[PDB]
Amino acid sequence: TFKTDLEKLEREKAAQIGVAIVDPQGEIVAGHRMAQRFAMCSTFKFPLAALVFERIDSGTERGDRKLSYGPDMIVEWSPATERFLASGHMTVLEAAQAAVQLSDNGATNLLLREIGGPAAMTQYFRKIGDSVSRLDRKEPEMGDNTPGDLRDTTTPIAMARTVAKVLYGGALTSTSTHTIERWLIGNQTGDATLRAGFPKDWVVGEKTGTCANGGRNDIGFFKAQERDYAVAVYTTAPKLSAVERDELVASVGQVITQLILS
């Protein structure tokens, strides 16, 4: 009924829904269109932050290092970057948290400037065993989501497994892992997407994405009692409104819940 519930949503809302749910070791729990490529949109900002924590964990980067910038770095949806503009900088950590929890595009591009751009992001994906995810552009053009373009894409299964490697498979130190987990729980942008359709006693942390051409995504983790899962949801619904798109992802949330509770 998991498959057929998602198929009903897909049929009724003229949408495609890609889902993957994996256990802490990346073993598959459930999936739908799980190896179809979808635009990442802002979901790559979670892996970016992980890349930054790996560098902090390694010493090649320092969390409180100040990153100076000017108005040239302000792009669409840069709420923290605009607020910190007068001060002249955000630290590596401030920028990373804003990228995750506000989806701040300027903060994201500020970090890419520092780690070596899209190519460095793709190299990190490969390092942690993800041969699929690829960042090819910075924001905002990376979310162009042109039909059929494989630039800036992932698969549900690939991203879900990267989530698990980051949160459970030892990609980061215990300390950096804990920090990035809490940032996902505290995400400010996902109240109407997956976690809306999960039970309110499940610990959920996630990162949303919105792309042009009807892309709406949410990736992260959930803890249903003593059971940890990594989850990635990418959806394409060109004809839905934005609120309908939020509510589509929430519904996927519910279908996911109906399965786990079985």
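Residues carry their position along the shown sequence, with the first being 1.
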Residue stretch of maximal mean CA temperature factor, 191 to 199 vs 219 to 227: 219 to 227
Selected stretch [higher average CA B-factor]: 121 to 129 or 99 to 107: 121 to 129
Candidate set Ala30, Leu51, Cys41, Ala35 [ranked by C-alpha B-factor, highest]: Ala30
Candidate set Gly59, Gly63, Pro47, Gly70 [ranked by C-alpha B-factor, highest]: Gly59
Third of the chain's Cα B-factor distribution that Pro140 belongs to, per the entry: highest
Lowest, middle or highest third - CA B-factor, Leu9: highest
Third of the chain's Cα B-factor distribution that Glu114 belongs to, per the entry: middle
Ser174 - which third its CA temperature factor falls in, relative to the rest of the chain: highest
Among modelled residues of the same chain, the CA temperature factor third for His89: middle
